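Chemist:
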Amino acid sequence: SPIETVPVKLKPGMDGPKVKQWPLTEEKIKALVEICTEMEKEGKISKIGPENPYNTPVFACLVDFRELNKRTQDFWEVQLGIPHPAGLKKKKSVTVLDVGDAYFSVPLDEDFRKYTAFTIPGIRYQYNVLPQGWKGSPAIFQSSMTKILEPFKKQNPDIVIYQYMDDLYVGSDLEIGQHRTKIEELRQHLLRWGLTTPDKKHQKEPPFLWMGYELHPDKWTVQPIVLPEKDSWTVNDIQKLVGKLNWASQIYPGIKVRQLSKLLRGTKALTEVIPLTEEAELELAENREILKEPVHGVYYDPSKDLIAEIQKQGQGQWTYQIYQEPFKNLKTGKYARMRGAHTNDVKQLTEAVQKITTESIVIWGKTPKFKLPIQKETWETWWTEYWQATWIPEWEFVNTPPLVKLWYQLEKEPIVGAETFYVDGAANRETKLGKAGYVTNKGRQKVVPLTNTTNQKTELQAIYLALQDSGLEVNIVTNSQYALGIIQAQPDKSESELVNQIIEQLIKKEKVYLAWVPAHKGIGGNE
Amino acid sequence: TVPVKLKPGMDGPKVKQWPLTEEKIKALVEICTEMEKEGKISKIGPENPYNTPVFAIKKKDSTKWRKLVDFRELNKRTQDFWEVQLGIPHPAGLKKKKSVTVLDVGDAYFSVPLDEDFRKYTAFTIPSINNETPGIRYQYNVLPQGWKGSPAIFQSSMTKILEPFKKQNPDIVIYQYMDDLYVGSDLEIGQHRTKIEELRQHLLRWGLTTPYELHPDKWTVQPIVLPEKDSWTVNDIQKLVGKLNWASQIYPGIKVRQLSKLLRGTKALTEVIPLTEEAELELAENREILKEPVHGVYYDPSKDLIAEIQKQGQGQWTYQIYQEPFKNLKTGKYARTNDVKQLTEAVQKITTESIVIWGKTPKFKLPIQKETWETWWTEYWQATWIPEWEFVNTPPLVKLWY
DNA sequence: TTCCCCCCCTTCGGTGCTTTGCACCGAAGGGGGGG
Ligand SMILES: Cc1ccnc2c1NC(=O)c1cccnc1N2C1CC1
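Written out as structure tokens, the structure is:
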């Protein structure tokens, strides 16, 4: 109760609530006055005269502070993120405290009490403490409790205390008998500031249910996921299943959601049915089989090193585990986002590696050592040749298939004796019809009519015609930067089946060289 | 104190804080605990909504960590306090001096306090590992290192400190950009080093704690060159016509009509072509035309310079500084460990040269992933300033610079 | 009929060539754990 207040202001050109008379049913009007008299006894609310032109609507089930919440100054964000259990250090004893009337045990700013005017139909009063339901109250309470708790930790540093809103988790390596006397010291210290923490016999016992995790002193797990049972699923049912699987992936290894994420495409209606294909149902059954048994994480030990295995489940989906001792995961997860229309496995490995890098910086404060399924020379060639910049922090190869390898590679200089093609593609922009074909140096020629393909598509599949009508040693000349940019990146997957067929042709050939020449210069066969 | 006005009708700095390593957080905690005793920083409460990012770095051949605050949003908002109130005219002879030495005078900003109404705008937060505790917040009580208004207020003291020196040695050129001082002279290395040391002492007796040579004659924009083959082939000739066709836009005195005349019918790319003498003349004349500098390319203060970096491979990066496309103010190569480290050093060198030449850092276009850069750019950085960087999404398909 | 803090995926809007089709990217929807 004897706590320095926080000086609150208001935004420029703003005032307090101007709310007019509020109608209320008589039985509620008479009944609620007793609480208002009670609160005023200890001084939480104080009667005021007519100097206040502010009034607040009355609700019974509670005050509608929305007018103040909108017109009040902006504050600093109270919770920029919550811990992750994987990063928590292991404590021999852990205890939970809950301070009672916490939002009422911190005074309010003197100059701001005026704006919290509330009238019972009618007599008025103003809040002398942090009003509940207010926008800025949680931040002020957090600051106040930080100030209160600091001295105790200053004398005793062997304990660690965490403040989740009203809750105070206290952990230590002291013996149980000696830990209880420390928790009694904390209780006395919070009593000295007037905070209603419970007694010994009312304290909670492990595990603790926090933010969706069951926290034990020496392990942690996730809240049990009850998988929906729907023989006829819908949009909402699939969305809920996907959300719970994404949430549950952090401790259950190897969970696929992409097959089920596909079914949620292009459904404007909330209720319209979407049948589970063979693939989606098979994946769902496998996920149920995974979630059948319970698995637990462990607590970070800052005297040992961090290892982050990374496996590939196929189809652009990656799983990873993080541990310190073998077979004891600190954390698990998956990376499955597709970025861009065209990419290959090495680039997705790179994106996964940097994802885990950022998450491990946030949670553990340091980058782990990757054990990647890629050959050293493969990665070396890729980063030396690629046009961007990238650097995987530290990694070693793991001989656990499936591995990563670029399925093909182009040639740098034209091949002697290799058959040479001069391709082109055009399409009528108005009618979406066109032609595509090539003129080989030896004399072979071929042209194809085309419909429902744009200029880019026809220029891209002229390469397909050339590859079809070729041998193994081929020198294609293109008059298109778009197709050149698509092919030159070594893609091994795409959202275009045309490019899929092109890639399938390109993997077959032993040596393919492709070159580009300008348009409208009439160069050789092009014209 | 000197009152500071924000650009009218704008908000304040509301920027999230990037996660940091354990080492760079222990460094920040120690540095800020030591700074609070001197009264430079002041712990603040929940009534302050603003924030600017904070990192820790190391200097050249230095072990002590150094705090570094990103003030780019604050500068974009407070550039009214500079453009109107102090526009320093950039010396022109700085580009030619034999040696320019760069010195750090940021500590001299700690003496002069900051406007009390403005302080709330410079709030920052040291976060915690795993969000275990609420990050400890602070505010500047004296002028910070990183703001564009900090040197503008201190102009008088530095002029007063440097005038007893400028009177004696009128040949040297002294320029100030942010926390950094560029002193340029034509002396030889042995005399120049001792001159810079005694100059540091002149400031030290004035009460400045001041703790590196770029040769501006070497900083000359590079020429462009046509490829030379004693033996010409169809693939080699086709490549040249495209390279020249690209070159036509940037230098419009380049012609490829006769050069393309040989290439008229399908021919194996590998086959050799005897080169005709008339075409040989266009090739011979064109190589010389490339050497001739472009006309109309003069620095304009109204716009902002944009810098492109292209990885050419094997440690080589090529960059171009252009106010508008196809009109390059400068052009060069950087040759060099790592690959993000190479791009970091390239960015630093390009912007140091740009500060020397035109007096302002460019807008960088980086050939790197946004997330990899934002994770690792702070690990090899060693400069108190920070430019404005964007990132590119498509390969450099032309790539006709090296 | 609240404020939203993160995790994930899809849909969609703006930008910039690779130019009136197409390439990434961030900003709207939902789900999950929240208080
Ligand atoms: C929710 C939470 C957040 C941060 N730390 C903890 C907790 N709660 C715990 O119950 C806990 C469990 C195991 C280890 N540390 C824990 N504690 C720590 C303080 C002793």
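Chains as they are written, first to last, in this note's numbering: chain Y, 1 to 527; chain V, 1001 to 1402. Note that beta-carbon positions come from the ideal geometry of N, C-alpha and C, so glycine has one too.
Got a sec? Which residues, its chain only, sit under 6 Å from residue 1027/V by beta carbon, not counting five neighbours each side?
Modeler: Position 27 of the second sequence, counted from the start, is the residue given in the question as residue 1027/V. Around residue 1027/V: 1056 and 1065.
Chemist: Starting from residue 449/Y and walking both ways along the beta strand (DSSP E), at which residues does that stretch end?
Modeler: Taking the first residue of the first sequence as position 1, residue 449/Y is located at position 449. Residue 449/Y -> beta strand (DSSP E) spans 445–451.
Chemist: Between the C-alpha atoms of residue 251/Y and residue 345/Y, what's the straight-line distance to the nearest angstrom?
Modeler: Translated into the one-based positions of the first sequence, residue 251/Y becomes position 251. Translated into the one-based positions of the first sequence, residue 345/Y becomes position 345. Spanning the two alpha carbons is a distance of roughly 25 Å.
Chemist: Residues bridged to residue 246/Y by DSSP?
Modeler: Position 246 of the first sequence, counted from the start, is the residue given in the question as residue 246/Y. The partner list for residue 246/Y (beta bridge, DSSP) is empty, contrary to what the question assumes.
Chemist: Between the C-alpha atoms of residue 536/Y and residue 390/Y, what's the straight-line distance to the nearest angstrom?
Modeler: Nothing can be reported for residue 536/Y: it is not among the residues displayed for chain Y, which extend from 1 to 527.
Chemist: Please tell me whether, using a cut-off of 7 Å, the distance from the CB of residue 297/Y to the nearest non-hydrogen atom of ligand 1 is below it.
Modeler: Translated into the one-based positions of the first sequence, residue 297/Y becomes position 297. No, since every heavy atom of ligand 1 falls outside the 7 Å radius drawn around the Cβ of residue 297/Y.
Chemist: Thinking just about the alpha-carbon of each residue, which of 1394/V, 1301/V, 1376/V and 1191/V is nearest to the one in residue 342/Y?
Modeler: The residue labelled residue 342/Y in the question sits at position 342 within the first sequence. The option with the nearest alpha carbon to residue 342/Y is 1394/V.
Chemist: Thinking just about the alpha-carbon of each residue, which of 1196/V, 1078/V and 1222/V is nearest to the one in residue 1011/V?
Modeler: Locating residue 1011/V in the second sequence gives position 11, where the first residue counts as 1. The shortest Cα separation from residue 1011/V among 1196/V, 1078/V and 1222/V belongs to 1078/V.
Chemist: Mind checking whether residue 1263/V and residue 434/Y have CB atoms under 8 Å apart?
Modeler: Counting from one through the second sequence, the residue named residue 1263/V turns up at place 263. Counting from one through the first sequence, the residue named residue 434/Y turns up at place 434. Going by C-beta atoms, residue 1263/V is not nearer than 8 Å to residue 434/Y.
Chemist: Assuming residue 493/Y and residue 316/Y make a contact with CB atoms under 8 Å, what is their CB distance in whole Å?
Modeler: Position 493 of the first sequence, counted from the start, is the residue given in the question as residue 493/Y. Position 316 of the first sequence, counted from the start, is the residue given in the question as residue 316/Y. Yes, they are in contact, since the Cβ atoms of residue 493/Y and residue 316/Y sit about 7 Å apart, within 8 Å.
Chemist: Let me see if you follow: with CB-CB separation under 8 Å, is residue 1131/V close to chain Y or not?
Modeler: By one-based count along the second sequence, residue 1131/V stands at place 131. So, interface residue.
Chemist: Answer yes or no: the CB of residue 88/Y versus the heavy atoms of ligand 1, is any distance below 7 Å?
Modeler: Walking along the first sequence from the start, residue 88/Y turns up at place 88. Yes; taking the cut-off as 7 Å, the Cβ of residue 88/Y has a heavy atom of ligand 1 nearer than that.
Chemist: Does the beta-carbon distance from residue 1153/V to residue 1203/V come in below 8 Å?
Modeler: For the purposes of this step, residue 1153/V is taken as the residue at position 153 of the second sequence. For the purposes of this step, residue 1203/V is taken as the residue at position 203 of the second sequence. It is not a contact, given that the beta carbons lie outside the stated cut-off.
Chemist: In the DSSP assignment, the beta strand (DSSP E) including residue 311/Y goes from what residue to what residue?
Modeler: On the first sequence, residue 311/Y is found 311 positions in, with the first residue counted as 1. Segment 307–314, the beta strand (DSSP E) holding residue 311/Y.
Chemist: Could you work out which residue in 167/Y, 86/Y and 171/Y is closest to residue 1129/V when comparing CA atoms only?
Modeler: As a position in the second sequence, residue 1129/V is number 129, starting the count at 1. When only C-alpha atoms are compared, the closest one is 86/Y.
Chemist: Hey, would you say the C-beta of residue 1132/V is under 7 Å away from at least one heavy atom of ligand 1?
Modeler: Taking the second sequence and counting its residues from 1, the one referred to as residue 1132/V is at position 132. Indeed, a heavy atom of ligand 1 lies less than 7 Å from the Cβ.
Chemist: CB of residue 169/Y to nearest heavy atom of ligand 1: below 7 Å?
Modeler: By one-based count along the first sequence, residue 169/Y stands at place 169. True, at least one ligand heavy atom lies under 7 Å from that Cβ.
Chemist: Applying the criterion that 16 or more other CB atoms from any shown protein chain within 10 Å of the CB defines a buried residue, is residue 1358/V buried or exposed?
Modeler: Taking the first residue of the second sequence as 1, we reach residue 1358/V at position 358. By the 10 Å Cβ count, residue 1358/V comes out buried.
Chemist: First and last residue of the alpha helix (DSSP H) that includes residue 287/Y?
Modeler: Position 287 of the first sequence, counted from the first residue, corresponds to residue 287/Y. Here the alpha helix (DSSP H) through residue 287/Y covers 278–292.
Chemist: Could you tell me if the beta carbon of residue 1173/V falls within a distance shorter than 7 Å of some heavy atom in ligand 1?
Modeler: On the second sequence, residue 1173/V is found 173 positions in, with the first residue counted as 1. Checking the Cβ of residue 1173/V against ligand 1 gives no.
Chemist: Determine the DSSP secondary structure at residue 1090/V, reduced to helix, strand or coil.
Modeler: Counting from one through the second sequence, the residue named residue 1090/V turns up at place 90. It is coil, neither helix nor strand.
Chemist: Using a cut-off of 8 Å between C-beta atoms, extract the partners of residue 1368/V located in chain Y.
Modeler: On the second sequence, position 368 is the one that residue 1368/V refers to. 388, 389 and 390, listed in chain order.
Chemist: Output needed in chain order: residues of the stretch 480–493 of chain Y with a Cβ under 9 Å from some Cβ in chain V.
Modeler: So the close ones are 481, 484, 485, 488 and 489.
Chemist: Can you give the Cα-Cα distance for residue 410/Y and residue 249/Y, rounded to whole angstroms?
Modeler: Here residue 410/Y refers to the residue found at position 410 of the first sequence. Here residue 249/Y refers to the residue found at position 249 of the first sequence. Distance between the alpha carbons of residue 410/Y and residue 249/Y is about 39 Å.
Chemist: Using C-beta distances below 7 Å, list every residue in its chain close to residue 10/Y, excluding the 5 sequence neighbours before and after it, in chain order.
Modeler: Your numbering for residue 10/Y matches position 10 in the first sequence. Only 71, 72 and 73 meet the Cβ criterion.
Chemist: Using a 10 Å radius around the Cβ and a threshold of 16 neighbouring Cβ atoms, would you call residue 1296/V buried or exposed?
Modeler: Translated into positions along the second sequence, residue 1296/V becomes position 296. It is exposed - the Cβ of residue 1296/V has fewer than 16 other Cβ atoms within 10 Å.
Chemist: Run through DSSP, which three-state label would residue 321/Y get?
Modeler: Sequence index remark: in the first sequence, residue 321/Y carries index 321 (1-based). Here residue 321/Y sits in strand by DSSP.
Chemist: Show which residues of chain V have a CB atom less than 9 Å away from the CB atom of residue 383/Y.
Modeler: Walking along the first sequence from the start, residue 383/Y turns up at place 383. Under the 9 Å cutoff, chain V gives 1339.
Chemist: So does the stretch 280–287 of chain Y actually touch the stretch 255–270 of chain Y, counting three or more Cβ pairs closer than 8 Å?
Modeler: Contact between the stretch 280–287 of chain Y and the stretch 255–270 of chain Y is present, because at least three Cβ pairs lie under 8 Å.
Chemist: Kindly list, in the order they appear in chain Y, the residues whose Cβ is closer than 8 Å to that of residue 1238/V.
Modeler: Here residue 1238/V corresponds to residue number 238 of the second sequence, with the count starting at 1. Neighbours of residue 1238/V on chain Y, chain order: 477, 515, 517, 523 and 524.
Chemist: Ligand 1 heavy atoms versus the CB of residue 94/Y: any closer than 7 Å?
Modeler: Numbered from its first residue, the first sequence carries residue 94/Y at position 94. Under cutoff, so the answer is yes.
Chemist: Check whether the Cβ atoms of residue 463/Y and residue 507/Y lie closer than 8 Å to each other.
Modeler: Indexing the first sequence from 1 puts residue 463/Y at position 463. Indexing the first sequence from 1 puts residue 507/Y at position 507. The answer is no: Cβ separation not under 8 Å.
Chemist: For residue 153/Y, is the beta carbon positioned less than 7 Å from some heavy atom of ligand 1?
Modeler: Taking the first residue of the first sequence as 1, we reach residue 153/Y at position 153. No, since every heavy atom of ligand 1 falls outside the 7 Å radius drawn around the Cβ of residue 153/Y.
Chemist: Which chain Y residues are close to residue 1313/V, counting only those with a beta carbon under 8 Å from its beta carbon?
Modeler: Locating residue 1313/V in the second sequence gives position 313, counting from the first residue. Near residue 1313/V (Cβ distances below 8 Å), the residues of chain Y are 384 and 385.
Chemist: Could you name the residues that DSSP lists as bridge partners for residue 118/Y?
Modeler: Reading the first sequence from its first residue, position 118 is the one you call residue 118/Y. Residue 118/Y is bridged to 125/Y.
Chemist: Determine which residues of the stretch 67–82 of chain Y have a Cβ less than 9 Å from any Cβ of chain V, and write them out in chain order.
Modeler: Those residues of the stretch 67–82 of chain Y that come within reach of chain V (Cβ to Cβ, closer than 9 Å) are 73, 74, 75, 76, 77, 78, 79, 80, 81 and 82.
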